[PDB]
Ligand SMILES: NS(=O)(=O)c1ccc(CCNC(=O)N2CC(=O)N3CCc4ccccc4[C@@H]3C2)cc1
Ligand SMILES: [Zn+2]
């Protein structure tokens, strides 16, 4: 009886196995744009993905992850609110059953069709597993998706999804350039938070870009054909794999922009 996003094992149940679900710095949150304050102390954000080496794409039963070689400082996130160097290890998405829901963060309570999370770990902790035990261990770059024009840089991901339909399937996924998933502007909001899936560890500096990327209806329809189940199990479509907004508590959301 494992956690998931069904009626019986969804986010409202997670606190029974993971009591930190009701903690002081949980994610995601609603970003109230009128309350977020410009912070002139934020240093410029540095997304350096030119040498990123993707390896594999995996259906883990909760989402699909594109994994990177993180055994040296090829693809790194620095600057903004961050101290030191954060290495890209994987990206994944959260999405809905309908275009009006799917994002984890919300903006003035608006839900987007989907949300991309580029996950990075603080190299001062040596490995990912040590980093998630630290309050500044991870930096997640969050990017909203809205349905409109196709995103050409997403199509290589969309076209491999038929090969990883079910939980536990993986496929080789080399030479994918995550620069193709970024919006034009790097203006962002930032706050201290958590993983949005169990174990819900409070280890993340969140950096949420203001400008959404546009994907086509056909692109997101292909996400919604994935399965939560393994092969040879009853088919359950992988949709609505998002955690709703959590209490902000004793936190301030800071804006990089005026
Ligand atoms: N919604 S979210 O962005 O808040 C979110 C981000 C991250 C996570 C943790 C997901 N776990 C992971 O991504 N894992 C776990 C791991 O132990 N390893 C071993 C180290 C290694 C080496 C190479 C590639 C991949 C891993 C994986 C990464 C959960 C949720
Ligand atoms: Zn995520």
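In my numbering, the protein residues as written are 40 to 297.
No residue lacks a Cβ here, since even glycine has one placed at the ideal position from N, Cα and C.
Practice item. Taking 8 Å as the threshold, find out whether the region 97 to 110 comes into contact with the region 220 to 229 through three or more Cβ pairs. Key: no
Check your understanding: For residue 294, does the three-state DSSP call read helix, strand or coil?
Key -> Working through the chain shown from its first residue, we reach residue 294 at position 255. Strand at residue 294.
**Study point:** Nearest residue (CA-CA) to residue 298, options 218, 207, 147 and 61
**Key:** Because the chain spans 40 through 297 in this model, residue 298 falls outside it and cannot be assessed.
Review point. Since residue 152 is in the alpha helix (DSSP H), which residue starts that stretch and which ends it?
Key: Translated into the one-based positions of the chain shown, residue 152 becomes position 113. Per DSSP, residue 152 belongs to no alpha helix (DSSP H) and is neither H nor E.
Point to revise | Residue interval of the alpha helix (DSSP H) (run including residue 194) | key: Translated into positions along the chain shown, residue 194 becomes position 155. Where residue 194 is concerned, the enclosing alpha helix (DSSP H) stretches over 194 to 199.
Practice item. Examine ligand 2 and report whether any of its heavy atoms sits within less than 6 Å of the Cβ of residue 156. Key: Within the chain shown, numbered from 1, the residue matching residue 156 stands at position 117. Result yes, Cβ under 6 Å from ligand 2.
Practice item. Could you tell me how far apart the beta carbons of residue 140 and residue 279 are, in whole angstroms, since I believe they sit closer than 8 Å? Key: Walking along the chain shown from the start, residue 140 turns up at place 101. Walking along the chain shown from the start, residue 279 turns up at place 240. The pair is a contact, with the Cβ atoms about 7 Å apart (cut-off 8 Å).
Check your understanding: Rounded to a whole number of angstroms, what is the C-alpha to C-alpha distance between residue 121 and residue 178?
Key -> In the chain shown, the residue the question calls residue 121 occupies position 82. In the chain shown, the residue the question calls residue 178 occupies position 139. Cα-Cα distance, rounded: 8 Å.
Point to revise | Whole-number beta carbon distance between residue 184 and residue 152, since they are thought to touch under 8 Å | key: Along the chain shown, one-based indexing puts residue 152 at 113. Along the chain shown, one-based indexing puts residue 184 at 145. Sure, about 5 Å apart at Cβ, within 8 Å.
Point to revise | Chain-order list of residues whose beta-carbon lies under 7 Å from that of residue 195 (same chain, five-residue window excluded) | key: For the purposes of this step, residue 195 is taken as the residue at position 156 of the chain shown. Hits under 7 Å: 215.
Point to revise | Nearest-angstrom Cα separation, counted from residue 283 out to residue 149 | key: Along the chain shown, one-based indexing puts residue 149 at 110. Along the chain shown, one-based indexing puts residue 283 at 244. The straight-line gap from Cα to Cα measures roughly 12 Å.
**Study point:** Close-in-space but distant-in-sequence residues of the same chain around residue 95 (CB under 8 Å, 5 per side omitted)
**Key:** In the chain shown, the residue the question calls residue 95 occupies position 56. Answer for residue 95: 105, 106, 209, 210, 211 and 212, listed in chain order.
Review point. So what does DSSP say about residue 225, is it helix, strand or coil?
Key: Your numbering for residue 225 matches position 186 in the chain shown. Note: residue 225 maps to coil in three-state DSSP.
Check your understanding: Is residue 235 near ligand 2, in the sense that its beta carbon is under 6 Å from a heavy atom of that ligand?
Key -> Against the chain shown, residue 235 aligns to sequence position 196. Within the cutoff, so yes.
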